[PDB]
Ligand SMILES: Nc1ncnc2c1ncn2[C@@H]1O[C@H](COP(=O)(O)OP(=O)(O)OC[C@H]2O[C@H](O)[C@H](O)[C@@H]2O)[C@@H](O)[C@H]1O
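Quick heads-up: it's one chain on its own, the form solved without the named molecule, in structure tokens.
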């Protein structure tokens, strides 16, 4: 993004193929962009054929808005995003280094870190199984006549999580460390919709299946700390060389927070990575762009310098409310209405950064290189 914005977008090979088909369809005049993607294309000068696959992908990602309720405010047609665009945006993840100012507890339960922790976030959109209008792209993929299909849900989460796991397996090796990864109940909140009573065992089965399938590609990943809060039994499972842990903090007293080192890891031996349950249509942090420290997405963004990594501005952590605030100068001269979404609008900030793809060999590369092979 702007000057001091450091984040990296990632997507799978299968997602890249969807982007290539969509770009080709547009080049032939056989498809029509949704309202918001149409707006981003209108504001730049390149025709579809002139732009490379990376620029095209970045512009589709740029159509995301800071705050969107994907489960209730989207129509899945031309008036906002089409199903073809939605299928691509759900597969896009974004990682960034962050300072973590508290352990990420919801509400008033957060524990401030005496010294803020240096780690990483990986925002990944969960399976969207709720809609205020027609069915969603994820529904058409993982639901067979109404049944959640465990195998299809597995393939969905493998598509979206594996690029981030490959990134942080490689990042840990670069730092002569292992990786400790904390995972929330991704897609088990509002995204589950009518499937709230079956989704949570399905999600951990998907996590286990991804780690079991790709254990030989993740030798520097050591600990996976999965915390669905409630609705699951505590357990530990050795998966190859990795320790997979189901530690529901609402059932087990003393569980380490999502933005904290799990048992058996420390800053000398491990890098700390937290997965964030993201949203097809929103910037990283979603709700907190409107000042609401709510949901896993908004809690983790408010409890990190996420908004500083997206905007390039230097915020100030409010240790009484557990939220990373905009610069004081902004929250005084525009004191009443000065959340991070207001800063974005006043400064013309857009969401747009480098993007890589996971090729068939398990390496992250430019979209141009992965498409040519």
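Residue numbers count along the first chain shown, from 1.
Another form, the form solved in complex with the named molecule, is not on view; read the next lines as being about it.
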>> Exactly one residue in 210, 277, 139, 239 has a non-hydrogen atom within 4.5 Å of the named molecule in the bound PDB entry; which is it?
In response: 277
>> Using a 4.5 Å heavy atom cut-off, which residue among 262, 90, 163, 185 comes into contact with the named molecule in the bound PDB entry?
In response: 185
> Out of the stretches listed (75 to 83, 266 to 274, 283 to 291, 214 to 222), which one is close to the named molecule in the bound PDB entry, meaning heavy atoms within 4.5 Å?
Replying inline: 283 to 291
> Does every residue of 190, 229 and 295 put a non-hydrogen atom within 4.5 angstroms of the named molecule in the bound PDB entry?
Replying inline: yes
> Closest heavy atom of residue 200 to the named molecule in the bound PDB entry, within 4.5 Å or not?
Replying inline: yes
>> If we define contact as a non-hydrogen atom of the residue within 4.5 angstroms of the partner, is residue 177 a contact of the named molecule in the bound PDB entry?
In response: no
> Hey, in the bound PDB entry, is residue 106 touching the named molecule, heavy atoms inside 4.5 Å?
Replying inline: yes
> Are any of the heavy atoms in residue 69 no more than 4.5 Å from a heavy atom of the named molecule in the bound PDB entry?
Replying inline: yes
